[PDB]
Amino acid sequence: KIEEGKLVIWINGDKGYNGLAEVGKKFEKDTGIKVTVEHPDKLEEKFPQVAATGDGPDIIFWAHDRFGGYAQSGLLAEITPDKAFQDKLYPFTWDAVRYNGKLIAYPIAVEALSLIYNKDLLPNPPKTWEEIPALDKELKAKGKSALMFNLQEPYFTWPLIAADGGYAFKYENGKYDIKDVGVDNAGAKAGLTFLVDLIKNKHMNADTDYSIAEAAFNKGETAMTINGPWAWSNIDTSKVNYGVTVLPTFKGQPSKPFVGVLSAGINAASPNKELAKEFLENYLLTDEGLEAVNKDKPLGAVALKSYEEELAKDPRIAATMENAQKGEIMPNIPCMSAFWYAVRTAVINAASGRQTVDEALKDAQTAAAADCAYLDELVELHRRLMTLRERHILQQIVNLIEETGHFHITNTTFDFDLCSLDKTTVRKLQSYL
């Protein structure tokens, strides 16, 4: 259970959580309600594990891509903004928070990666990925390196993998097809091979993570990095003379970065949905609210039309929207967490030389497709299990699930998740239909 008359917010560690807490202080000064902001590790995975048992934050912040899975699991309260509030945010930002025709979260800002470069080490940054090896050889001579970015998260290496034809799923006829997956194609292979070749040629180390790349660029050791708006405030602190520009092209095609919409969703198990709505609509989604988060770690291109009119003057936001128009919006389908686990595995294995590009991507394509196919089976099984009212079959199912041990009894319900059950136990449930 979640405490009443108190709001608890969860947001990622790379976002402006101290600035968000400053907005919670204004909320407390005007209403009396205490607001507590937390930034757990792996919060995208913690939220489904705690919100199922009625615990967790009242508000959760993440990009839109994970919200579809939370909505299908019944974890999110359906937000109902009045017509006049909806006109304050850009229409395409509300589309990213729409699942099954319902609005499941409040859009906050649009993010996309950009090429961030150091003007004192490299005033003319490369326009192509292919000229980075020669540039690195020229920079190493001067005691520096060309490029360093997070190689541990597929979000960062995706601009290059999608450049020549890679894609998450086909969005054929206004609906994503979980069968058509563009990870094994020749465009994705061409992209990831280029990346692996940079590492084999010592132009990059496969062990580079977020922190290593952040410190090397901010200390002046590397000429370029690939990061989002949230990173700008730390670069300012380092006093590095930096620019934010277009991501380089690969095989004449532009790098296609994933575009995410930072969203705030209200937990369905929370008794503070009234306070959460008041906080998000009248405190956070205002020029003053967004400015407090943006001053901590930049949001990018905010969803609020009035505050975006001020930020549009910023050439770093122009670079962000330039890269965002060239990339792809993140799909919001519930098997996106399985898609991400697959691409993350293939990228790391190929980068480290543990698998070839063709082998790594074939396994990713195979797993993403299989995990999505099985999840749709579970969604059809769930729809039929809720239409079931025959107390006889319900008792037989309650008994089969009792044998497995995969269940929990609450004051009013007998709970169990179809995802937690063995693929064998699911086949038994089909026989009951």
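So that there is no doubt, residue numbering starts at 1 and follows the sequence shown.
Visitor: With respect to the recorded C-alpha B factors, which stretch has the higher mean value, 283 to 291 or 222 to 230?
Guide: Per the deposited B-factors, the answer is 283 to 291.
Visitor: Could you check the entry and say whether 17 to 25 or 406 to 414 has the higher mean CA B-factor?
Guide: Per the PDB record, 406 to 414.
Visitor: When the CA B-factors of 322, 111, 314, 78 are compared as recorded in the entry, which is the largest?
Guide: Each of 322, 111, 314, 78 was compared by C-alpha B-factor; the highest is 78.
Visitor: Please rank the C-alpha B-factors of the chain's modelled residues and tell me whether residue 9 sits in the lowest, middle or highest third.
Guide: Middle third - that is where residue 9 ends up once the chain's C-alpha B-factors are sorted.
Visitor: Give the position of residue 332 by CA B-factor within its chain, expressed as the lowest, middle or highest third.
Guide: Middle third by C-alpha B-factor.
Visitor: Going by the CA temperature factor in the PDB record, which third of the chain does residue 141 belong to: lowest, middle or highest?
Guide: Middle third.
Visitor: Could you look up the Cα B-factor of residue 123 in the entry and say which third of the chain it sits in: lowest, middle or highest?
Guide: Middle third by C-alpha B-factor.
Visitor: How does the C-alpha B factor of residue 297 compare with the rest of the chain: lowest, middle or highest third?
Guide: Within its chain, residue 297 is a lowest-third residue by C-alpha B-factor, going by the deposited values.
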